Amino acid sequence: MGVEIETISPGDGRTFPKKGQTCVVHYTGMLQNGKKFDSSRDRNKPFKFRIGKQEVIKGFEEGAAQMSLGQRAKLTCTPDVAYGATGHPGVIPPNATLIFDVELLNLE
């Protein structure tokens, strides 16, 4: 599925994101070489996206949907569930696998 999840610290092991819920996360995104490209932590502002509304790359949502409330985890996303062959100009190169350190802060 191009999304591998490596737990860093557990969540409540009970509350997982459901359709239509707003996921509230902190994330730090890096390329495979470790270079950081985006970080909600650096801006001190949590990122929010609605489950099932396609408001984030497929890999990120798929990984988050497997996390329970309060969990923190490393999501590795292959290009086919991220930005593909084009990438995102000036940020993500072609065929990039991306690593996100994600914390699921809340579900609203």
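One rule holds for the numbers: they count along the sequence shown, beginning at 1.
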property	result
96-104 versus 6-14 - greater average Cα B-factor per the deposited record	6-14
Between 46-54 and 32-40 (mean CA B-factor, as deposited), the higher	32-40
Chain third (lowest, middle, highest) by recorded CA B-factor, residue given as residue 22	lowest
CA B-factor placement of residue 77, once the chain's modelled residues are sorted into thirds	highest
Cα B factor band for residue 89 (lowest, middle or highest third within the chain)	lowest
